[PDB]
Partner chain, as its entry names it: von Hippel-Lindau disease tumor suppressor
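First, one chain by itself in structure tokens, the form solved without its partner chain.
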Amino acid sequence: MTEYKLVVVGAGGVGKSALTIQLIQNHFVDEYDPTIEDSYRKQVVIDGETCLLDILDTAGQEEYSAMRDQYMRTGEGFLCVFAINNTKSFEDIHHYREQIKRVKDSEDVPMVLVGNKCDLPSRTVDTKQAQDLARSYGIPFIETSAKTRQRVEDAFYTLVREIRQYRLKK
């Protein structure tokens, strides 16, 4: 069975864990529980095909950043998450992507840009600005809400499809 090693990255509090838990099961955590490191495994069907996802949910708090080199070397695709009401988390995306490429010594790393918390009326990052950033990166952009489950599966499955194509580019 085909396997995909997904890694969820982004600043603290953007919703990485909430998104991951929503994918694994239908449940929205509404509490403060910062991640150190958590790995999840789930069998899914994508485009009619059964796949096994290994999802690494990483720490946004910089005190744990020493772990990044290792999980960036091992990960096959990266879900790069910011919150649409947190401009700083959007600015942090650039350096996560740059560090991933630095660690993997490659300009072609499967990635998806994710703007989370789209259920909020208070927005500071326009959809159009984030779409344009993704356009220039050459990667997909998806706006999600872990609270409402809007486009959560789409985000992870789009990342899988990016990896699936990258493997065939060989």
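Residue numbers count along the first chain shown, from 1.
If you look for the form deposited with its partner chain bound, you will not find it shown, but the lines that follow are about it.
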Distance check, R102 to its partner chain in the deposited complex, heavy atom within 4.5 Å: yes
Close approach of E49 to its partner chain in the deposited complex, 4.5 Å, heavy atom: no
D132: touches its partner chain in the deposited complex, heavy atom cutoff 4.5 angstroms: no
Heavy atom of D126 within 4.5 Å of its partner chain in the deposited complex: no
